[PDB]
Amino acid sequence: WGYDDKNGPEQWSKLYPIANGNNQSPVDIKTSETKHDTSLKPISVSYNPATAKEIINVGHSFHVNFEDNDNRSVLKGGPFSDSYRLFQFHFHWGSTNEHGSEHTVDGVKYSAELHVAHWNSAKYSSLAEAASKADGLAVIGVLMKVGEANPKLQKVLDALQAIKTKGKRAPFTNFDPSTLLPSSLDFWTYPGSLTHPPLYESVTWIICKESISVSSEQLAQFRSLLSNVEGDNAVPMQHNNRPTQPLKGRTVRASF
């Protein structure tokens, strides 16, 4: 499963008919149709850098995974009454700077998107139990706007030379991904899904209002990762964003 025309977004509904469901992600957030909700609390993140574990090339992307044996690293607040435990962050990007984000805001496409993913450890005991539950996962999405280089990306970008090809992995430790979030944590929230197979409708999205920057050359570092395994012809990972999906009557709520 990937993003090419035969294993990609258009092919997913064959094995995952939930691809055409009613809570699919990402979406285009229309700011004139949001609803400002006052039961929403501020998002609170508290991540312990000792939980960073490893960085992995998974062929269509790369992931930074975290130890999630306990609640050292948690997300609270916002729409949640439960604590969600951090387990991973990753990015999505596009083939050129003029698209690549997953979420869009009033039709505007950004160059990339950061996802910081968490599972509900108040209700469930593992990521695998939580992944399929409506209340199982919480993902912070941060739109990344091409512009000045972002120095907070540097440990991540420096690490990619160790995981160039599909399946490579390396320790990635002592890193707090709250350093990647924007200074404002004003947000939109809506009930949705994983944006890749198995596309479970188990994600409460937290989309930050403020973007963070990325340069054109930092973007090119993500696109130079390779989707092939070591020794095969190099096939760069040019893109890995899913198109936006119909809202199907859901409401996007605004914290602000």
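Here the rigid core means the biggest group of C-alpha atoms that line up within 1.5 Å when the two forms are laid on top of each other. Note that residue numbering begins at 1 and tracks the sequence as displayed.
- In summary, of the stretches 10-18 and 237-245, 10-18 shows the greater Cα distance from the shown form in 8 other deposited structures of this protein, with structures fitted on the rigid core.
- Higher average CA B factor: 26-34, of the stretches 186-194 and 26-34.
- Set 113-121 against 94-102 and average the Cα temperature factors; 94-102 ends up higher.
- Per the deposited coordinates, the residue with the largest Cα temperature factor out of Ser211, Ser39, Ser61, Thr204 is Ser39.
- Within the selection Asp70, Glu230, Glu217, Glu54, the deposited Cα B-factor values reach their highest point at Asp70.
- For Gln11, the recorded CA B-factor ranks within the highest third of the chain. Only modelled residues enter the ranking.
- Ranked by C-alpha B-factor against the other modelled residues of its chain, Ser83 falls in the highest third.
- Ranked by Cα temperature factor within the chain, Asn150 sits in the lowest third according to the deposited record.
- Among the modelled residues of its chain, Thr173 has a C-alpha B-factor that falls in the middle third, as given in the PDB entry.
- Among the modelled residues of its chain, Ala128 has a C-alpha B-factor that falls in the highest third according to the deposited record.
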